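Participant:
There are 2 protein chains.
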Amino acid sequence: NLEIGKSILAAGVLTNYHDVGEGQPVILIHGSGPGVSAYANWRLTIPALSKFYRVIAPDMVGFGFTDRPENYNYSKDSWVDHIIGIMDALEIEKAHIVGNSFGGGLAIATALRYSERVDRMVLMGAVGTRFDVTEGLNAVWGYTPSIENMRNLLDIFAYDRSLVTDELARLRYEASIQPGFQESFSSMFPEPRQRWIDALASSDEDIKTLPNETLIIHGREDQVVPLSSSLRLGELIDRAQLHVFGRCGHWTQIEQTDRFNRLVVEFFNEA
Amino acid sequence: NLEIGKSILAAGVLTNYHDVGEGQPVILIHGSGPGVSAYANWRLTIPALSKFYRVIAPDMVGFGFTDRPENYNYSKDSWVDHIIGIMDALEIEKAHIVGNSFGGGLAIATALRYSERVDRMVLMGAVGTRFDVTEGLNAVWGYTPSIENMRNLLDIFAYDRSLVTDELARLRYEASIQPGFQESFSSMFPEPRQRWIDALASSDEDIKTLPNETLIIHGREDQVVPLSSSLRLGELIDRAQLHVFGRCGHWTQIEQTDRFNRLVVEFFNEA
Ligand SMILES: [Cl-]
Ligand SMILES: [Cl-]
């Protein structure tokens, strides 16, 4: 299973992660869909970025192949502490961070709580500001295993449904039923789910204080996180650039891979 | 005067233009401020693009050093015909077009009337959709010569006013009073000026029919053309990407030069 990489103790949790490349460190933080993992989310991104940066892609506690501690208390603060724990474990004193959706909310929170540890930020379809729960997100977080339920989620993430094949739906369905996955996932974002969008999001007041060079990316047709969210982040963050991809869903790193990789690498190259 | 380049008869008008580079043709269309010229608008863009493309930057009829025909009837259609006339004169059968503000409105109109002559489009703070006249645009089009009036316009175009020096204000003021310049300029967009925004703009219906790969660029703090205009173009044009630069005014090619040039060159490189 290529989704399994290296193991390291971070913030007291045995963590699965990928470490590719040399130089300036970049931490990639995945989204929160069923069966998600750092590799699944970033497999098309790591190759490009690792040619110029040291890329760290960990499975956040409660997701992927990282340990799922018994009675573990999941929260934005706990996840941020995990990110910092991973950085501490790898002696990464300061790094750029790329956060996808759920991971984007975590990126912002990390930049707010540990400003000295974060350099540049890329927020991709980030859950960083409050928005009324979408059916797309309600479906993602309310997922129960089945090939058709997964096919529907893949459709929700994509603009071009031709990318959603029986094979992909089957493979991700299998990923979602691995030992303990659905168990921790189903209890992660229970109804009412608006609570979790509100929890992950940061206040306008706090976001306005961010000094970081930021690149905000969003797919125009994103069905999970509304474009309006990134437009808002674009007005709140001072040193921010906003890039919207037309004919692209939530999956910007997947549906606009080359454009995405170019934008991100060049953004970091400026530093 | 470096603003003066080569001369060619286009659409029956003796036209001043710059032609730098080799390969795929790219036409740069300047804005409509007092004293404007292709060189003044694009001097920091041409060097970068010409390394990979043949760049044509003409002074639109009624502006710069191109002839100002007696009793000439200025209109969106006449300007579009001038662009096509320039392309015809240079045997440019199909080209990419970069349009700034007024020039962006012309780019859209050219793509609509002569679709077979246009490949990719870059719309920079384009006047392509209707918006209520801004004080910034009212001041630009209502300009009468003076160092202070020009300093104010430069302030209107910039986010970082440190870029607006006494020297720059003086030089552009001098450009604005050249023989016949203020005369043709003052009669170009007379009050009420809302009429000209409405005239330059294209309908939602027409814009939605554009098949061109498009890159929409806007400075978040643009005081001349509101960001909302480009956000609208981003929802109307099918194959469009939207890029908004924070801490940047109307002058995206001037205030975010390297980022702008990189985005544009790479966008064209895809073709
Ligand atoms: Cl998510
Ligand atoms: Cl203009």
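Here the protein sequences line up with chains A and B, keeping their order.
Numbered per the working numbering, the first sequence spans residues -14 to 256.
Numbered per the working numbering, the second sequence spans residues -14 to 256.
Don't be surprised by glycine CBs; every beta carbon is placed ideally from N, CA and C.
Comparing the CB of A/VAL112 with every heavy atom of ligand 1, is any distance shorter than 7 Å?
Facilitator: As a first step, residue 112 of chain A must be located in the first sequence, where it is residue number 127. Correct: A/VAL112 has its Cβ closer than 7 Å to ligand 1.
Participant: Check this for me: beta carbons of B/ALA111 and B/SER131, under 8 Å apart or not?
Facilitator: As a position in the second sequence, residue 111 of chain B is number 126, starting the count at 1. As a position in the second sequence, residue 131 of chain B is number 146, starting the count at 1. No, these two residues do not count as a Cβ contact at 8 Å.
Participant: Under 8 Å between the Cβ atoms of B/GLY18 and B/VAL125?
Facilitator: What you label residue 18 of chain B is simply residue 33 of the second sequence in a count that begins at 1. What you label residue 125 of chain B is simply residue 140 of the second sequence in a count that begins at 1. In this structure, B/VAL125 lies closer than 8 Å to B/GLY18 by Cβ.
Participant: Any heavy atom of ligand 1 closer than 7 Å to the Cβ of A/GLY16?
Facilitator: As a working mapping, residue 16 of chain A is identified with position 31 in the first sequence. It does: the Cβ of A/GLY16 is within 7 Å (strictly closer) of some heavy atom of ligand 1.
Participant: Am I right that A/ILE14 and A/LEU91 are in contact with their C-beta atoms under 8 Å? What's the rounded C-beta distance?
Facilitator: Sequence index remark: in the first sequence, residue 14 of chain A carries index 29 (1-based). Sequence index remark: in the first sequence, residue 91 of chain A carries index 106 (1-based). Between A/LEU91 and A/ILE14 the Cβ distance is about 6 Å, and since that is below 8 Å, they are a contact.
Participant: Only counting runs of 3 or more residues, tell me where the beta strand (DSSP E) segments fall wholly within the region 1 to 44 of chain B, in order along the chain.
Facilitator: Taking only runs of at least 3 residues, the beta strand (DSSP E) segments lying wholly in the region 1 to 44 of chain B are 10 to 14, 39 to 43.
Participant: Can you name the start and end residues of the alpha helix (DSSP H) that B/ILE141 belongs to?
Facilitator: For this step, residue 141 of chain B is matched to residue 156 along the second sequence. Per DSSP, B/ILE141 belongs to the alpha helix (DSSP H) from 132 to 142.
Participant: Pull the bridge partners of A/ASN85 from the DSSP assignment, please.
Facilitator: Locating residue 85 of chain A in the first sequence gives position 100, where the first residue counts as 1. Note: A/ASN85 sits in a beta bridge opposite A/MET109.
Participant: Of all the CB atoms in chain A, is at least one closer than 8 Å to the CB of B/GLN163?
Facilitator: By 1-based counting over the second sequence, the position of residue 163 of chain B is 178. Not closer than 8 Å to any Cβ of chain A, the Cβ of B/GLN163 fails to qualify, so no.
Participant: Against chain B, which members of the region 223 to 242 of chain A pass a CB distance test of less than 8 Å?
Facilitator: Going along the region 223 to 242 of chain A in chain order, one finds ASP223, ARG224, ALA225, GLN226, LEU227, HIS228, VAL229, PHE230, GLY231, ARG232 with a Cβ nearer than 8 Å to chain B.
Participant: On the CB-based measure, 16 or more other CB atoms within 10 Å of its CB, does B/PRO43 come out buried or exposed?
Facilitator: Along the second sequence, one-based indexing puts residue 43 of chain B at 58. Result: buried.
Participant: Would DSSP call A/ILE202 helix, strand or coil?
Facilitator: Position 217 of the first sequence, counted from the first residue, corresponds to residue 202 of chain A. Strand at A/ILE202.
Participant: Hey, which unbroken runs of the alpha helix (DSSP H) at 4 residues or more fall wholly within the region 167 to 213 of chain B?
Facilitator: If we require 4 residues or more, the alpha helix (DSSP H) runs fully inside the region 167 to 213 of chain B come out as 179 to 185, 189 to 192.
Participant: Is the beta carbon of A/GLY231 closer than 8 Å to that of A/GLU240?
Facilitator: As a working note, residue 240 of chain A is residue 255 in the first sequence. As a working note, residue 231 of chain A is residue 246 in the first sequence. No, these two residues do not count as a Cβ contact at 8 Å.
Participant: If I follow the unbroken alpha helix (DSSP H) through B/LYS61, where does it start and stop?
Facilitator: Working through the second sequence from its first residue, we reach residue 61 of chain B at position 76. Element bounds for B/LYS61: 61 to 74.
Participant: Could you tell me whether the Cβ atoms of B/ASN197 and B/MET106 are closer together than 8 Å?
Facilitator: As a working mapping, residue 197 of chain B is identified with position 212 in the second sequence. As a working mapping, residue 106 of chain B is identified with position 121 in the second sequence. Against a cut-off of 8 Å, the Cβ pair of B/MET106 and B/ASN197 comes out as a contact.
Participant: By the criterion of Cβ-Cβ separation under 8 Å, what are the contact partners of A/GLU101 in chain B?
Facilitator: As a first step, residue 101 of chain A must be located in the first sequence, where it is residue number 116. Result: empty, since nearest Cβ-Cβ is about 22 Å, beyond 8 Å.
Participant: Quick check: B/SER188 and B/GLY20, are their CB atoms within less than 8 Å of each other?
Facilitator: For the purposes of this step, residue 188 of chain B is taken as residue 203 along the second sequence, with counting starting at 1. For the purposes of this step, residue 20 of chain B is taken as residue 35 along the second sequence, with counting starting at 1. Not a contact, by the Cβ cut-off of 8 Å.
Participant: My output table needs one value for A/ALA92: the three-state DSSP class, helix, strand or coil.
Facilitator: The residue labelled residue 92 of chain A in the question sits at position 107 within the first sequence. Helix.
Participant: Should A/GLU206 be flagged as near chain B, meaning a C-beta pair shorter than 8 Å?
Facilitator: In the first sequence, the residue the question calls residue 206 of chain A occupies position 221. Not one chain B Cβ lies under 8 Å of A/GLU206.
Participant: Classify B/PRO10 as buried or exposed, calling it buried when 16 or more other Cβ atoms lie within 10 Å of its own Cβ.
Facilitator: Here residue 10 of chain B refers to the residue found at position 25 of the second sequence. Looking at its Cβ environment, which holds 16 or more other Cβ atoms inside 10 Å, B/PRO10 is buried.
Participant: Select from B/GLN238, B/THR199, B/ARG205 the residue whose C-alpha is nearest the C-alpha of B/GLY219.
Facilitator: One-based indexing of the second sequence puts residue 219 of chain B at position 234. Of the candidates B/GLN238, B/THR199, B/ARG205, the one whose C-alpha sits nearest the C-alpha of B/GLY219 is B/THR199.
Participant: Give me the Cα-Cα distance between A/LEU221 and A/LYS193, rounded to the nearest whole angstrom.
Facilitator: Stepping through the first sequence from its first residue, residue 221 of chain A is reached at position 236. Stepping through the first sequence from its first residue, residue 193 of chain A is reached at position 208. For A/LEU221 and A/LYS193, the distance between alpha carbons rounds to 5 Å.
Participant: Whole-angstrom Cβ separation of A/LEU29 and A/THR242, contact assumed at under 8 Å?
Facilitator: Residue mapping note: residue 29 of chain A aligns to position 44 of the first sequence, counting from 1. Residue mapping note: residue 242 of chain A aligns to position 257 of the first sequence, counting from 1. 5 Å between Cβ atoms; contact.
Participant: Can you pull the chain A residues whose beta carbon is under 7 Å from the beta carbon of B/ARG247, in chain order?
Facilitator: Here the question's residue 247 of chain B lines up with position 262 in the second sequence. What B/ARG247 touches in chain A: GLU251.
Participant: Which residues bound the beta strand (DSSP E) around B/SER161?
Facilitator: Here residue 161 of chain B refers to the residue found at position 176 when the second sequence is read from its first residue. Note, B/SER161: premise wrong, no beta strand (DSSP E); alpha helix (DSSP H) at 151 to 161.
Participant: Which residue's Cα is closest to the Cα of A/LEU122: A/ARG180, A/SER22, A/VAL249?
Facilitator: Counted from its first residue, the first sequence places residue 122 of chain A at position 137. It is A/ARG180 whose Cα lies nearest to the Cα of A/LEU122.
Participant: Going by DSSP, name the residue or residues bridged to B/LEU(-1).
Facilitator: On the second sequence, residue -1 of chain B is found 14 positions in, with the first residue counted as 1. Paired residues: B/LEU(-6).
Participant: Between the Cα of B/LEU195 and those of B/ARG224, B/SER22, B/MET45, B/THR0, spot the shortest distance and give me the residue it belongs to.
Facilitator: Position 210 of the second sequence holds residue 195 of chain B. Ranking the options by Cα distance to B/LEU195, first place goes to B/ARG224.
Participant: Starting from the C-beta of B/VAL40, find all residues in its chain whose C-beta is less than 6 Å away, skip the five residues before and the five after it, and write them out in chain order.
Facilitator: Here residue 40 of chain B is taken as the residue at index 55 of the second sequence, counted from 1. Within the same chain, B/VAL40 has close Cβ partners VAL5, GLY6, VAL11, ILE31, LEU34.
Participant: Is B/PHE48 near ligand 2, going by C-beta to nearest heavy atom under 7 Å?
Facilitator: Here residue 48 of chain B is taken as the residue at index 63 of the second sequence, counted from 1. Checking the Cβ of B/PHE48 against ligand 2 gives no.
Participant: Check whether chain B comes within 8 Å of A/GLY113, counting only Cβ atoms and requiring the distance to be less than that.
Facilitator: For the purposes of this step, residue 113 of chain A is identified with residue 128 of the first sequence, where counting begins at 1. By this cut-off, A/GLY113 is not an interface position.
Participant: Measuring only between beta-carbons, confirm whether A/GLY89 sits less than 8 Å from chain B.
Facilitator: The count along the first sequence starts at 1 and reaches residue 89 of chain A at position 104. With 8 Å as the cut-off, A/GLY89 does not count as an interface residue toward chain B.
Participant: Go ahead and label B/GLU55 buried or exposed: buried means 16 or more other beta carbons lie within 10 angstroms of its beta carbon, across all protein chains shown.
Facilitator: Translated into positions along the second sequence, residue 55 of chain B becomes position 70. It counts as exposed.
Participant: What residues from chain B crowd round A/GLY219, counting only those whose CB sits closer than 8 Å?
Facilitator: On the first sequence, residue 219 of chain A is found 234 positions in, with the first residue counted as 1. In chain order: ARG205, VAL229, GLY231.
Participant: Just the Cα atoms here: how many angstroms apart are A/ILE(-11) and A/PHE166?
Facilitator: Within the first sequence, numbered from 1, the residue matching residue -11 of chain A stands at position 4. Within the first sequence, numbered from 1, the residue matching residue 166 of chain A stands at position 181. In a straight line, the C-alpha of A/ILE(-11) is about 14 Å away from that of A/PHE166.
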